[PDB]
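>
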Amino acid sequence: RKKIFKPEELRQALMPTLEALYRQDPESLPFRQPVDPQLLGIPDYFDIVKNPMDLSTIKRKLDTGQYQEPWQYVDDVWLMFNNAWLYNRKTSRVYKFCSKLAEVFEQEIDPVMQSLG
Ligand SMILES: CCC(=O)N1CCOc2c(cc(-c3cc(OC)cc(OC)c3)cc2C(=O)N[C@H]2CCCN(C)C2)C1
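Sequential numbering from 1081 applies to the sequence shown in the entry's author numbering.
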């Protein structure tokens, strides 16, 4: 019927896919902590980005058992990517780095999602 996932199983299976993103340098650097619009010059950020997401938040959600099923994790990774592509200019470091992370993530996540069902 509905498949139940234990938080420790999700963490064991999915954390390596997150670690693959963290390992990218310089590409993960903009994504390791939440965007701070006041520190940066950018008070329009949260006008445009309604649901912020970043690697530290996704990690915390895996660590604290906030995901019930693996597609919720995938959706947060993609939310992070889509926010960055929505806000940032195509020539920017953040935009290009986002694209690299999306390439890495795609390769990592597919066999893991097959394994989890
Ligand atoms: C997902 C992140 C995100 O979408 N934002 C929103 C855009 O703002 C940036 C963010 C991160 C980085 C950034 C780039 C890095 O490259 C190596 C490393 C990094 O390591 C923490 C952060 C750069 C910018 C940026 O556009 N800076 C401009 C703004 C206007 C003013 N001039 C001077 C700076 C945060």
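Ideal Cβ placement from N, Cα and C applies to all residues, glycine included.
Give me the Cα-Cα distance between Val-1115 and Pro-1191, rounded to the nearest whole angstrom.
Using only the alpha carbons, I get a separation of about 30 Å.
> In this structure, how does DSSP classify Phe-1126 when only helix, strand and coil are distinguished?
DSSP places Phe-1126 in helix when its eight states are reduced to three.
> Helix or strand or just coil, what does DSSP make of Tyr-1153?
Note: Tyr-1153 maps to helix in three-state DSSP.
> Would you give the residue range spanned by the alpha helix (DSSP H) that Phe-1177 belongs to?
Note, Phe-1177: alpha helix (DSSP H), 1173-1196.
> Helix, strand or coil for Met-1133? Go by DSSP, reduced to three states.
The answer is coil: DSSP assigns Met-1133 none of H, G, I, E or B.
> What separation, rounded to the nearest whole angstrom, lies between the Cα atoms of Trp-1165 and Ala-1100?
Near 20 Å, if we compare the C-alpha coordinates of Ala-1100 and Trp-1165.
> Less than 8 Å separating the beta-carbons of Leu-1196 and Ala-1093?
Contact: yes.
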